[PDB]
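Chemist: here is my input; please provide its structure:
(2 chains)
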Amino acid sequence: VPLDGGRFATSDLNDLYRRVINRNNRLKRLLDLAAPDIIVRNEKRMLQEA
RNA sequence: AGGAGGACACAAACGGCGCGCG
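Modeler: Numbering: from 1, shown residues only, chains lettered A, B, ... in the order given. Right below this line is the structure:
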């Protein structure tokens, strides 16, 4: 929902979904580009925690 | 002369902090 002026009120679930989507897209991008095992492990841990 | 031809619809939100009252 917007608030007074050209701004939208912060939504809790939206930000969590945004974090999850960004992390998962980064993981997909790396897995396409064959990142090293250490990097993909760290990305997978970050995705799980997100 | 005769004769012939010729736009309908549509009324303000969500979480903290503080205070106060029952």
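
Chemist: the strands in chain A, which residues?
Modeler: Under the criterion DSSP state E, chain A carries strands at the ranges A:2-3, A:7-8.

Chemist: hmm, who's touching the first one?
Modeler: With CB atoms under 8 Å, 6 or more residues apart in numbering as the contact definition, strand A:2-3 has outside contacts at A:8, A:9. To be clear about C-beta, it is placed using only N, CA and C from the backbone, and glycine gets the same treatment.

Chemist: can you count the residues close to residue A:43?
Modeler: Residue A:43 has 19 neighbouring residues, counting by other CB atoms under 10 Å.

Chemist: from residue A:11, how far off is the nearest residue to it once chain neighbours are set aside?
Modeler: Spatial nearest neighbour of residue A:43, excluding adjacent residues (CB to CB, 6 or more residues apart in numbering): residue A:27 at 4.6 Å. Distance, residue A:27 to residue A:11, by CB to CB, to the nearest Å: 24 Å.

Chemist: show me which of those two is the more surrounded one.
Modeler: When residue A:27 and residue A:11 are compared for neighbours, residue A:27 comes out ahead with 18 against 11, by other CB under 10 Å.

Chemist: name all residues that make contact with that one.
Modeler: Per CB under 8 Å, 6+ apart, neighbours of residue A:27: A:40, A:43, A:44, A:47.
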